[PDB]
Each structure stands twice: as structure tokens, then as C-alpha cells.
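Each chain is listed here by its residues.
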Amino acid sequence: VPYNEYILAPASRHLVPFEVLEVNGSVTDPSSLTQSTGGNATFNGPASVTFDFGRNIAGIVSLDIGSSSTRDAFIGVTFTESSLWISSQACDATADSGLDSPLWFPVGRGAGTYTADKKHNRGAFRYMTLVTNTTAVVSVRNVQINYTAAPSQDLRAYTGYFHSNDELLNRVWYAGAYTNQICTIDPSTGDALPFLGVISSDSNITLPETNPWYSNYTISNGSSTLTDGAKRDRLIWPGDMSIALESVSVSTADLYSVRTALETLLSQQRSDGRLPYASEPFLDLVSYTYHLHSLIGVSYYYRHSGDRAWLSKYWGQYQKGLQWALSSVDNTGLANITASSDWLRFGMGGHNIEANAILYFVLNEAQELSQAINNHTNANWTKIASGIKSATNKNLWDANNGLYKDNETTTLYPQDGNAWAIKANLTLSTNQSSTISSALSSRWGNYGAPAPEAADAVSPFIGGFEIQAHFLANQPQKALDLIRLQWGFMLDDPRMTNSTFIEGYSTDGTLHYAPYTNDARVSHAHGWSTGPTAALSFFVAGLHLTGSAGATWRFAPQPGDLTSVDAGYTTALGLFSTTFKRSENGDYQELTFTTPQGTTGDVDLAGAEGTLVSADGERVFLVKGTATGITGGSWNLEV
Ligand SMILES: *[C@@H]1O[C@H](CO)[C@@H](O)[C@H](O)[C@H]1NC(C)=O
Ligand SMILES: *[C@@H]1O[C@H](CO)[C@@H](O)[C@H](O)[C@H]1NC(C)=O
Ligand SMILES: *[C@@H]1O[C@H](CO)[C@@H](O)[C@H](O)[C@H]1NC(C)=O
Ligand SMILES: *[C@@H]1O[C@H](CO)[C@@H](O)[C@H](O)[C@H]1NC(C)=O
Ligand SMILES: *[C@@H]1O[C@H](CO)[C@@H](O)[C@H](O)[C@H]1NC(C)=O
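Basis of the calculations
Residues numbered from 1 in each chain as written, not as in the entry; some residues may be left out. Chains lettered and ligands numbered in written order. Heavy atoms only, no water. Pairing = 2+ DSSP bridges. Helix = DSSP H or I, 4+ residues; strand = E, 2+ residues; numbered from the N terminus. Axes fitted to C-alpha atoms, helices over the stretch in contact; angles between N-to-C directions. Domains from an automatic or database assignment. Parallel < 35°, antiparallel > 145°, perpendicular 65-115°, else oblique. Left-handed = near helix turned anticlockwise from the far one by under 90°. Contact = heavy atoms within 4.5 Å. Near = heavy atom within 4 Å. Polar contact = N/O pair within 3.5 Å; in protein donor to acceptor, adjacent residues only side chain to side chain. Areas by Shrake-Rupley, 256 points an atom, 1.4 Å probe, with all protein chains shown as cover. Nonpolar A, V, L, I, M, F, W, Y, C, P; charged D, E, K, R; others polar. Salt bridge = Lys/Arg side-chain N within 4 Å of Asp/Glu carboxyl O. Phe/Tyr/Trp six-rings, centres within 6.5 Å; stacked < 30°, edge-to-face > 60°. Buried < 20%, exposed > 50% of the residue type's maximum accessible area, 1.4 Å probe, protein only. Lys NZ or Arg CZ within 6 Å of the ring centre and 35° of its normal. Expected span 1.5 Å × (residues − 1).

X-ray crystallography is the method the PDB entry states for this structure, with the resolution given as 2.70 Å.

What follows is the structure, encoded as C-alpha cells:
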């Protein structure tokens, strides 16, 4: 595991507080609980000691109590991911209104270990506060956390690595990787929303009132499942997978946790063929977009797993699911959406650009799965795809604004649909894609890229899709600059975790998120904001899987302003790696790339002149940086 120094995952599953932030009251030696083999912090009466673990973590709190003056003594534990919500009186929020209660332990009953329930596992918290409710003098021998995230993983045994000359990019990579494994949970501790239906937005739980909190629900079978957010929801969401899967793939290869989540959604497919908006405990809302995002997960899993048997097991369910979505396509050749529910965007309906771009992407990915199982293509899927591309550009493209309309009925040009159009090749030219890229970077604010479809929100979900779209319009600089702007804020703003990545915020730097009135409920660990991890491995390093487990590949690095990149990730067939070092001229003075043997791929080095030489003696001369159909192995650029 190269560059393991950048890995933010814990080396142990039993963690002791790293530093002491704030001590209110009288505690004689609070920093004694900072050590692994010590501890006698004596809380003299009502007091509070805030701790900092230095990173977002998850687990079950355990207190060893040595001395208590009173038998009615209590020790409370609170948790928060952000510094904004550090309080002795309450935790963060997992409900649509109100901060969560402190975990209370009756430490006066006797000396000994006091461990929390598995239902009171906290899914994500960087700062932990211990508070005393009584006049008792209580000795705390030890406070430790049992790290519960990524249960079936070796937390730091990374299958992938990324290093460049920009340390912010290197830190964003390992942050998103760690963001994903912290929302990778034991399915027994799912649904952090126990009061869905009970507590709502207009419920105004306030001031001294705190809220009960537990997890409970076995949202999936198996040992481990990837969820949307570590602290809150803790559910399986289809749309979040189109970012987290590949980011998980290039870091830990925990495709087991992904398969766990995809099979849970597939098992809940309706009679119609409609895949669900979320996993079982959540409300039965109809989403055309998220239904296709689950079909994207079937394609994405076969691409990275290589498991043709898994594909055949779910090929019929995939085909029935596509059928349900093709039903909304009308005479215009576009799909008319009558279901509004999406990620947060408000205008989903009619001939939406995002929906039709996702359907086009799904239809073309369905053709390769057809070729995988049946060794042919579907002609019906080809015409519907061609019709979407024709009608989207005829009815929704505006050449003065350089962007697609959300529908024919509006002046709004959305971030999701325009980033998805380049991702789906719904565009007719690289220049049309380059025009969208320029027009989306036009709207960038001081804290990130805005989504006008979702009020004042800065969505890292769509931002990651926009990063891939910038690269695909062959504008690598704008993509890197969005990461440095948006994710540098997400990683280095003092109200963040410096380890995991937030679910969303707003154009004004405030960490308020549009769908929530409870800003403390926002998740600083969401896997759908881990896109830069996969994109830096795919587009900057150039390591593209174009076939199952990399059976076919494309080595096309787009380094931008970077001078040195050393990156690699692992599939079933082998390791995909590269170590290239450019110059002030922007020309590769050193390039080595590694692909598994018994595989075939193409190489685009962008005008770079030289010969690619294999370790087994093969030599291929480049034509405008072009190499076509070269066999797998480790190749060196020789000038
Ligand atoms: C402190 O809090 C615990 C748990 O909420 C409660 O049972 C106890 O009565 C409280 N004691 C005082 C002195 O407030
Ligand atoms: C969830 O925990 C609550 C206790 O807070 C209990 O009422 C319920 O039975 C639990 N559900 C499951 C599935 O364990
Ligand atoms: C078109 O998009 C706008 C903005 O997204 C939305 O408000 C409007 O309802 C949409 N129209 C239809 C017919 O869906
Ligand atoms: C994208 O579309 C253009 C025409 O609009 C086509 O020439 C090109 O081959 C397409 N690219 C891919 C990867 O399908
Ligand atoms: C954030 O993390 C980096 C390492 O990833 C570290 O160098 C830096 O000091 C940290 N900053 C804060 C404020 O914790």
C-alpha cells in the first residue's frame, strides 16, 4: 500500500481521544484520557471535556469508571462531526428537527466498564464531549470508541493509490476514499432516521429539548453495505452509487459492500420493473432518475467486478427495469417524466435534459451488457437512443447560453443535465461539450459550482459529474480547478472534518443545505461527494476501464498543470498503474504504465512522440500519441 501516510483510516478499531479541545468546569487531568495506556481524569462536579479525534470516526463508546462520590452520578457523551455543533447539552442532528440527546451512563451505580448499545453507535463524529450532570466527583479511567465502519475490511489495506505534486489533490483523493469506507456500515446499524414520519421539518424541537436516536434496521444482507451518509440516513440510495462505486473501486475494492447494496435494491424491484427510490424502510416515492441510477449500478458493477454470472443472474431484472423507463418515452423521441423526486433538484418533469441524458447513458451501457451475455446488440435500444440525442439537441439546446434547457418550458439551464450530457455523449461535438464546460465554469462561485436546479445549493454530487464532464470536453484544467476550489473548501474549512466530505452546502459559504431546515442534520461524510477520487484515478492518471475488470482499457492521461503523477488501482485481472513525470514544456520526460497481462487497450498521450516498449520486448511506435490494440503489460515511453 503506497502512500499509506495519506490514508486517514484507523490502524485500530479501539480508539482513544487524540486531543483535548475545551474543558468547562473542574477536571483535574483531562488529557490523561488522550493516552492508550493511562487515564485518571477526575470530573469534580458538573463539568464538560470536549475531545478531538482529529478525523471523522464512528463507533460505540465505552467508559471505564474508577471512582464516583455519589451513587446517583451520571456521565454523558455527545458527538458531532463539525465544530459548529460541539455542545455538552446535545449532539449533532439525525432528525429533520432537533439535535440528538447526550448518551447518558449511570456511572454512580459502580466502578467498571460502561458500554453503549449497538443502536447508539454514532455513524460519524470528529469531536466527542463528556459531561457530568451531578455534584459527584467521578474518576474516568478510560474512554474509547469501537470503530464500527467498514466492518469486513482491513481499514488501511488500500488496493489503490494516488500521488501528485499538488498535495491538496492527494489529500482530496484519500479523503473521499475514507469518506466512502466510513459510510460503509454493518447492515444491523442502518436507518439513522427512526422518527421518519414522526419528526418533520415543521416540528420545531428546540433549546433544552433533545431527541432520542438509534439505528437498528437491517437494511441489507451480508456483512457490510455502502450507504449514503455515515451519521445520518444510513440507507442505500441508488443515485449516490454513481459516484461512490467507482471511488470505492479505485481505493479499497470493497465491491462486496456495493454488491450488498445493489442486491438490496434489486430485491425490492416492483411488479412494474421500477427500482426503488431508496432501500426498504424509506418511503415509497417514485423516482425515474434514481430507478435508472440503479441500472447504472448493475453496469458499473460488471465493469469493475468482471462477474458475468452476477450479470446473468440480474439480466432479466435489468431488462424489465429498462422497459419501465422506456414507457415514458413519447412521440418526440424524448422521455416525459411525471415523477419529480430526484437528489434535491426541483424541476424534474417533462422532457428533462438530465433524465434523458441518464436514459441515453443507460441504453448504451445496456448494449454492452447485451453483448456480454448474448453477444449482440439491441436495435430497439439503438433507435430510442438516437432519438433522444436528436431531440435533446433540437428542442433543448440553446447556442447563445451554451447550455441545454431543463425542458422546453423554461429559461433555467441546470448543472445536472449539462454535466450529464457530456458524460453520456448526448453532445454532437467536442466543441459543444467544450461550450457547456465553459458555461458551467462561468457560474462558479467562491465556494464551488452552483446547481440552479436546487435553489442556492452547491452539490458535490453534481460537482463530481461536472468534473468528469470537464475532462471529457478535453478541458482538464477546469476540472482540476473545481476540485481545488470546491473540495479545498470541503476539506480545509474550519467547520469541516479534514477527513471526510460533506453532503452539500449553499452558494453563500454557510453550511446550510436546501432540503433541510435542521442544518445540524447535514452529513459531513457522504459517498456521493467522493467523485474526485475516481476522476483523478481515471482521467488524470489516465487509467480507464473500457471493459470488464479492465479486459479492454484506455490509457489516456490528462494531467493539466500537474508535473508528476504516481497512481494505481486494482481489479480482478490485475493492477492498473502509471508513474509519469512531465516537464515545464508539458512534455513527458518519464512515463511508465502497467496493465494486466492478457488484456488489450488503446493509448492517447496527446501528441507525445516516442516508442512504447514492453518489459517482454514489444515495441509500438506512437502516431500523434496514439497506440491501438496493444497487449497488457508494463510499458515504458522511450524517447
Ligand atoms: C442527570 O441526567 C440523568 C440522565 O438524563 C438523569 O437521570 C439525572 O436525574 C440527572 N441528574 C441531575 C442532578 O440533573
Ligand atoms: C429498534 O430499537 C427500538 C428501541 O429503541 C425497538 O423499539 C425496536 O424493536 C428496534 N427494532 C429492531 C428491528 O431491532
Ligand atoms: C421545466 O423546468 C423548470 C425548472 O427546472 C420547472 O420549474 C418546470 O416545472 C419544468 N416544466 C415541466 C413541464 O416539467
Ligand atoms: C459522440 O457523438 C459523436 C457525434 O455526435 C460521435 O461521432 C462520437 O463517436 C460519439 N462518441 C462516443 C464515445 O460514442
Ligand atoms: C488537516 O489534515 C492534514 C493532513 O491530511 C494536516 O496536515 C493538517 O494539519 C490538518 N489540519 C487541521 C486544521 O486539522
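Taken in spatial order, the 4 strands make up an open sheet running β17-β18-β22-β25, and their pairing is mixed. Among the strands making up the open sheet, the edge pair consists of β17 (543-545) and β25 (626-631). Strand after strand, the sheet turns through a mean of 20 degrees between neighbouring axes, direction not considered. In terms of strand pairing, strand β18 (residues 552-555) meets strand β22 (residues 600-604) through 4 bridges, oriented parallel. The residue bridging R554 from the neighbouring strand is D602, located in β22.

Now for the domain arrangement of the protein chain. For the protein chain, the domain assignment lists domain 1 (4-147), domain 2 (161-540) and domain 3 (543-638). Centre-to-centre separation of domain 1 and domain 3, based on C-alpha positions: 50 Å.

Helix α11 (residues 460-472) packs onto helix α9 (residues 415-424) with a crossing angle of 40 degrees between their chain directions and a minimal axis gap of 8 Å. The angle between α9 and α11 falls in the class oblique. α9 and α11 meet at a crossing whose hand is left-handed. For the pair α9 and α11, contact is made by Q415, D416, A419, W420, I422 and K423 and by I462, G463, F465, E466, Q468, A469 and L472, respectively.

With that settled, consider the site of ligand 1. Lining the immediate surroundings of ligand 1 are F74, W104, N133 and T134. Contact between ligand 1 and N133: an oxygen atom at 2.3 Å from a side-chain N or O atom of the residue. When the free accessible area of ligand 1 is taken as 360 Å², the share hidden by the protein chains comes to 46%. Class assignment for the residues of the shell around ligand 1 results in 2 nonpolar, 2 polar and no charged.

This brings us to the site of ligand 4. Around ligand 4, the neighbouring residues are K389, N425, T427 and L428. One of the backbone N or O atoms of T427 is found 3.3 Å from an oxygen atom in ligand 4. When the free accessible area of ligand 4 is taken as 370 Å², the share hidden by the protein chains comes to 32%. Its residues assigned to classes, the shell around ligand 4 shows 1 nonpolar, 2 polar and 1 charged.

Counted by the stated rule, this structure contains 25 salt bridges. The salt bridge involving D492 is made with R171; its shortest N-O contact spans 2.8 Å. Within this pair, whereas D492 is found in helix α12 (residues 476-492), its partner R171 is found in helix α1 (residues 167-182), the two being separated by 321 residues in sequence. Across the pair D233 and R232 runs a salt bridge, and its minimum N-O distance is 2.2 Å. Members of the salt-bridge network, linked through shared partners, are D96, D228, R232, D233, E503 and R521.

Summed over the entire model, instances satisfying the criterion amount to 34 aromatic pairs. Between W315 and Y318, the ring centres sit 5.8 Å apart and the planes meet at 15 degrees, which makes this aromatic pair stacked. Of this pair, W315 and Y318 both sit in helix α6 (residues 315-326), separated by 3 residues, roughly a single helical turn. Accessibility classification places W315 together with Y318 in one group, the buried group. Across from the ring centre of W213, 4.6 Å away, lies the NZ or CZ of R122, which sits over that ring. In this arrangement the basic side chain of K423 is found over the ring face of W420, its NZ or CZ atom lying 5.6 Å from the centre.

A positive phi angle, near 60 degrees, is found at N375, a position not held by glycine. Its place among the elements puts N375 in the loop between α7 (353-374) and α8 (379-395). With phi around 55 degrees, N474 is a residue other than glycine that occupies positive phi space. Note on placement: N474 falls in the loop between α11 and α12.

One turn of an α-helix holds 3.6 residues; hence residues three or four places apart share an orientation. Look at helix α2 (residues 238-249): 16 Å from first C-alpha to last across 12 residues, which is about the 16 Å you get at 1.5 Å a residue. By the criterion of burial, α2 is predominantly enclosed, with 12 of the 12 residues buried. Inspection of α2 places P238, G239, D240, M241, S242, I243, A244, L245, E246, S247, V248 and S249 among the buried residues, and these make up the whole buried set.

Attention shifts here to the side chain of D406. With respect to the helices, strands and loops of the structure, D406 is situated in the loop between β14 (403-404) and α9. Overall, the relative accessible area of 3% leaves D406 in the buried class. Reaching out from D406, the side chain makes a polar contact with the side chain of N352 at a distance of 3.0 Å. Dropping the residues within four chain positions of it, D406 is found in contact with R345, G347, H351, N352, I353, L396, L412 and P414.

Before going further, it helps to examine the packing of helix α4 (residues 288-305) against α7. Interhelical geometry of α4 versus α7 gives an angle of 35 degrees and a closest axis separation of 10 Å. The interaxial crossing formed by α4 with α7 has left-handed handedness. Here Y288, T289, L292, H293, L295, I296, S299, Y300, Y302 and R303 of α4 lie close against α7, whose contacting residues are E354, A355, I358, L359, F361, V362, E365, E368, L369 and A372.

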